[PDB]
Structure formats: structure tokens, C-alpha cells
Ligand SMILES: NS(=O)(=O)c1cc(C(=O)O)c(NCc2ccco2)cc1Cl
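A single chain comes next, written as C-alpha cells; it is the form solved without the ligand.
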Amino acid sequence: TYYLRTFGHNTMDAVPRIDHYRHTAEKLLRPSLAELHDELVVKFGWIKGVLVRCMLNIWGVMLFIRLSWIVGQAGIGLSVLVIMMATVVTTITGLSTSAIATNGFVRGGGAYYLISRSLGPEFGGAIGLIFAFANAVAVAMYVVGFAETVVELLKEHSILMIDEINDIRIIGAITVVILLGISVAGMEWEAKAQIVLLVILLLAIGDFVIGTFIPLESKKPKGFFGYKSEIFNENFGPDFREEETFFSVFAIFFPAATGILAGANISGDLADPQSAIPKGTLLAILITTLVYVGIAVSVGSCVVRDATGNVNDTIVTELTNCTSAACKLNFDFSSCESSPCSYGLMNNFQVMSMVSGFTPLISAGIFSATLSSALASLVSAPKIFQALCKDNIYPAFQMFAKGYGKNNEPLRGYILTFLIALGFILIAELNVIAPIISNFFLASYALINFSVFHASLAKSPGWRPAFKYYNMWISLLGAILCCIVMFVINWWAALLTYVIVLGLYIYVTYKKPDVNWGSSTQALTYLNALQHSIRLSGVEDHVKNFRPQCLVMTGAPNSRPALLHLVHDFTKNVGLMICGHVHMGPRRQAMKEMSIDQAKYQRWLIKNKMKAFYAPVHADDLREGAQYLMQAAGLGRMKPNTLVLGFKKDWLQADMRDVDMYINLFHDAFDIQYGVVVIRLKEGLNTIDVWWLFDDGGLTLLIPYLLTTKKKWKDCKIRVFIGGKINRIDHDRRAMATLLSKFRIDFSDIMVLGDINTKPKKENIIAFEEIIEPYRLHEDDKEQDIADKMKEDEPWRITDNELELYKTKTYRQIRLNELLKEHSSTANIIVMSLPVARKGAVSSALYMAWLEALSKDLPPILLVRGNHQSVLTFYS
């Protein structure tokens, strides 16, 4: 029966499957909500790819040469502490790297890809460039270590080509060329070389361990004695026998702990990360740390610090106190504290190859240790560089993004890193440059830990690490410790690397590349905005804290640029600006139109440096869309309180439905207690005159003050016009002066006008009547059928009863325009009180004609009507 078929076969709705969430690597092409609702070649495992590579990269030129010197200059306990501090740093860094790795599929590159996809392209580009350069230099430094041991073994025998430095450069160039050859040959060959070096190095470590368990009398003159408790108690203690300190020993040891990201830098060639990187990196760190601690302890409890290389030392046991621990085992290697004696645990770096068995085996271990790390860094650098260049963060380096072969191999990057390493090898004296490279590595580790902390601070639902044990405070502590260790090693190198990081960050944030990766920075932006708004929602309103929160019915924010600039003038950095656009038409097309317009106009607002919000709505007409915006726009206490309208210039030649809707917008704004600002200015193209004739709470006074508080209008002086009575001009002038001095509003002059409430000129009244003519109802000259006109061609038709009952207001508007023409004709901008027409008593056409008559033939003028709630105060 079909009752037992595939669920979801008898419906259009699709069951969840991986094909709906897969970008490119289809099935059923998951149905849209409308369709359901609308009316009808080389891959490595974690062992060979991560564990082995990190293992080899960590173990370099120090495990077999300089570690004994460290256990000599500092005690066994102090050496263990030095090891454990860097181990803690690398362990926290590895935990953070794992947490970043288990968040999603990592395409290619290493630490760069993780950092850039975690917290964006600025830190990402900075750390990518710095880490790539650090690996390129580390190639030269490991090769220089190889050259040093080669020339040392040649000088031990009878062989020398040129001066020691020149021979070092000559051999190092050859080895770097050979390493470039192996790297170019491909990744499988690199892996084979890596595993053979791993087995040789493990054999060398076993050789050393077996050697320390078989003491011989030939090495008795040396420091070798074979795990004598006297040596243990003697070497346990900080004997710094030169211009050396604990911090300097830590600075010397720290480069050994690096290389933890060799496996993570291969992510572009791993079978799958999110399973390989975490366990491989953690196991590598654990094993390397255990080996370091064990070998340090063994060499400290088996070799004495000072030793004289002569069989002439005797064990006769003659009369001697010999409080030192050298004599307790025998008289060999004693009393070379007066003059510099040849060797021991403080003057010999070959002691590792001494206390062992087969010494050429230890030399081969040296070669393998220093060459595996160089190969790892030489592979690591171009992968990171190519991953960063594919993103085109720095357009100048686009050439190095190319790949070759079946597996994308950056041969240009290989050539570039080979050239950089070769250049740094010819110098061959890199002890000055080593702290800078260590600080670069530390900066990369610190920003990895900060990446985890920052992604955990922002609470993005898409953070979701698969790897547990990644506490955010532990990662923040790891970043802090990385910075501290960076400063401990060569303070000025740390300052310089901070300078480079900051400069690259600024350059990237100025270039502003067009990439969107869902970084933790954007999530943190959202979280900050939400938390700040929630905090603001609990703040009680107060009069001194009032701001003009303006909703402007600009439609497209491009139609009236000058108007939007003017509104921005008294809103930018003070209050809120919402650009309201109402879209009409069929719903399906209008939704797409709004989606396109939102992006386009928000981008235009950002590009033109406007601090405005775009608020598009869909409604059947302008009035109800404005109703939507005036009822619901905003969030919490950031809702608008003022409606800003551009003057309807074409109302004379337009359908009176449109002007009726304009005036109804006025009425609705007054209905829900909004202030209204009407702006009339010439869109084609020093005093600010404020005619404050009616008390609206002070909005018509507050707007021009905010105008003068900006640099654009800083040179314009506010002068005030108020209404008064003749023969009392000075009294009212002084009252106004004291009133706005209590408001601390700077003014240049106050003009009291007594010519208001006087009949305007005959020509002006004739012109107003001529303008009014085609909108009169003329009920006096008509029969009772005019009531039908009052319900069909209306309520915009102008009646005779209201034209006679409001003739005072009409004359006041005309006379006020005459006064504005006579006085404020040469003002930069005019702010004037906006008349309020009582709803249900004044037709739309009469209101619009009042505004036209009052505003005609004037410089930029603002008609303002406040909410009649107090907006100013003179109380503290």
C-alpha cells in the first residue's frame, strides 16, 4: 500500500535534507514560502596531516643543542617552569585554534582563514601577512641552524671552504634550494620526507636516552656520570653564569615551543578538519612538552655544570673538603672555576651528542630536527599567502594567488618565500631579528585566542563550536599571556609588531574590501546595539534631555537632496532621523521593490555620510503608510516625535486627492501628538530669522539653535521676530530678551512687530482670491445640490461660511508673508510658526492655500509647529 511510502511525497513541502543547505558541494531546490503559501586531490589524515607536521615543526634546533645550556644556566625546576609557561601559552592557543576550527568547513589556508572568518578581514589580513612573513623568515632561520651545525661538524674535522660565516651562507643556500625542490615536487613527497625525518629524529631521541643509561669511563672526565643524586641536588638551582637571566632564558627557549599551527596551515589539504586539527594539535603539544620536560630533567640529573677535558683529573681521594657535588662522584671534572674551562653543561653545546651512544646518529637527529621545521614553515607560508591573496585584501599581491597542478599549489608563493629565505640566509646573523619573529608568532597566537574570546563575547547563534573545553575566560587569559610574553622578549620588538599590526589594520579598514563572511565583529555590533537600546528603554524622559526625533516623508532619499541635507543639519549627532518611503502596487512586486530599494538607499545614505535610517513600508496609499510609520517605527524610546514634510510645490497643478492626503497627513500627525515641520526651498540650487509668533513648547526655537550649533551655519546669527502691540514695543522686547536669556539662546537682535493684525494690500488679497477661485464650493450661488459636491468633490472644496469665518486667519497669513518679504528677504534661512487648522472646520484646499500664501517667494523657510509640550527649560 502507498500508506508506507516516503514521507513528504504527497505534499509540496520538502523534508529536511543536506541538499538544501549545500552551496555547491540541487535536490528538490527547497520550496520557497511563496510557492507553498501563494494562491494558485591530495587529502591527509590527522596523523600524517596534522599530528606529524606539528610534531616536526615544534622540534627544531633547540631540543638537541641549546636545551642542555638552558638546564645549565637555570635549575631543573626553573627549566621545567620555563618549559611549562610556553607549554601553557601553546596549549591555550591550540584550544582556541580547535574551537575556531570546529565551527564550520575551512576551505584553505591556515590561521589566516580561521581568523578572517572569525573576526573579519582587517585583523585577518594583518595576521595573514605577518604570519606568512614570519614563516618565510623562520625558513631561513632553521636553514641557518642547519648551516651552523654543518660548519661546526666540518670544523671538528679538517675541512673548511671559506670563513665560517661565508661557509655558512654557501651551505645554507644549497639546502634552501634543495628544500625548494622538495616543496615544489608536491605534497606527497613532502609527507614522505617528513615521515622519514620523524623516524630519524625518534631514533636520535632513543639514542640519547639509551646513552644516558650506560655511563662510560671515557666520558667520566666529561660531565657524564649516569644519574647521580649529587648531580640532581646540585643542578636543581638557578646558576646563571654569565650576563643572563631567567627572562632571557625564556626568550631563548620560546621559539622551540612554536610551530603548533603547522597542521592547521594544511587545512586546505586535509581529508576533513574539525576532527583532524583539534586532536592532532593537542596530542602534538602534549608529546612535545613531555619530551622536552623529560630530556631536560635527564640531562640535568646526569651531567655536571663545569667540567675539564683532561684525563689528568684523579680520584686519589686526598685531603679535600670539596663542598661541591663534582667531587662526591669522583675527582674528574673539578675545579675549573678560576679560568674558563673547556666544556660541561654550561660551556658545551655538544653535550647531547656526547652523553649519547652513536654520535653521528645524534648529528643526523640535529639535521632532521632543523630540516623538518624548515620544510614545514616553507610549506606553511605560501599556503597562507595564497589564501590571503585569493581574498584580494591587498590588490597589489593578486599575482601570488594562482595555483598549479591537480591540487592548487602556489608556485609563485613558493618562489617568493624561497627568495625571502635566501635573502635572510645571506645575512646569516639573525640573532638581532629573532625576537621580532618570535613576537610575530606571539601576536598571531594572541589574536587567535582573542578570536575565540570575541566570538564567545558576541552571542551569535552561529558560533556553535563542536569542540568543547574552550572556556572564553581561558582564551582571554591566553591572549593576555601572549601579549605579556611578547613584551618580556625584547620590549621594542613588541612595540614594533604592535605598530605593524595597527598600521595594517588601519590600511585594511580604509581600503574596505567587499567581503562578507559573517564575522564576530558584526555579531558584536548587533549585540552592542541591542544592549544599548535595552538600557535606554529603562531611562525616564526629561525636558532637558529632549531631542528632535524626526520622521521625514522623503520617499526616495534622492528626490530632494537639499531638503534631506537641511533635515540632517539639525539632526546629525542630535536626535534620530528616519527616512520614510511608502511603496504601492501589487504585493509580490512591491516586496521585491522594497528589498532592492532598502539595500540601494541604505548604501547611498552611508556613502553620502548621512546618519539616517531608511524605513520603507507597503501600503495602498501615502496616508496609511505614514500611519504605519507614525504608529510603529522605532524601537523603545527611539521612536519619532516630529513629522517632517517637504512643501508640495506642484499642488496647484495636481489632483486634489493628493493635496487632501497631504493635509490629512498634517492632521494625523497632530492627532497622535507629533510636531510638524514643513520645509520649502529651491531644489535646483548671514542671519537665521526666527519668527516665533506662537508658543508650541519651543520646537520652533530649538531647531534654529541646533542649526547654528553646526559648522555649516556657524557664521549665521539668530535674530528673533515676535508679535507685540504698538506703544509697548520696548517692554515686550525686554520680556522676550529675558525669556530667551533664561533659555541661553544667543540672538543678535529682537524685532517686535506691531503691523500684524492689519489688513494686507488689495493686490495681495486679489491674488489670493484668484488662487483660491477654482476650489470654492460657492454654496451661496448654488442650490442645495452643493451638499453633494461637499461629499464627492470634497472635503477639499472650500465653503463660503469658512471663507468668511476665517478671513482673519487668511489676512494674517497674507500680511505675514508681506512682512517676511519686507524683513527677512535676505536671510540664509527662515524659521516661522506653522498655523494649525482645526480639523473638521478648515478644508484641505484652504489649509494648503494658507501655507502657500504664507511661504511664497521667500528664501529657504521652515514652518514649525511643536507638540505644545514643554521642550525648553531654564531649570537645572
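One-based numbering along the sequence shown.
J.: For the step residue 18 to residue 19, what size class fits the number of deposited residues with no coordinates, none, 1 to 3, 4 to 9, or 10 or more?
T.: Unresolved stretch here: none.
J.: Relative to the deposited sequence, how many residues with no modelled coordinates occur between residue 685 and residue 686 (none, 1 to 3, 4 to 9, 10 or more)?
T.: The entry has 10 or more unmodelled residues between residue 685 and residue 686.
One more form of this protein, deposited with the ligand bound, exists but is not displayed; see below.
J.: Of the residues 326, 582, 485, 276, which one places a heavy atom within 4.5 Å of the ligand in the entry with it bound?
T.: Exactly one residue meets the criterion: 582.
J.: Could you tell me which one of 645, 576, 302, 129 places a heavy atom within 4.5 Å of the ligand in the entry with it bound?
T.: For this set of options, the contacting one is 645.
J.: If contact means a heavy atom within 4.5 Å, which one of 458 to 466, 354 to 362, 507 to 515, 556 to 564 is the stretch that engages the ligand in the entry with it bound?
T.: Among the listed stretches, the partner-contacting one is 556 to 564.
J.: At 4.5 Å between heavy atoms, is residue 665 in contact with the ligand in the entry with it bound?
T.: Flag for residue 665 set to yes.
J.: In the entry with it bound, does residue 622 come within 4.5 Å of the ligand, counting heavy atoms only?
T.: Yes.
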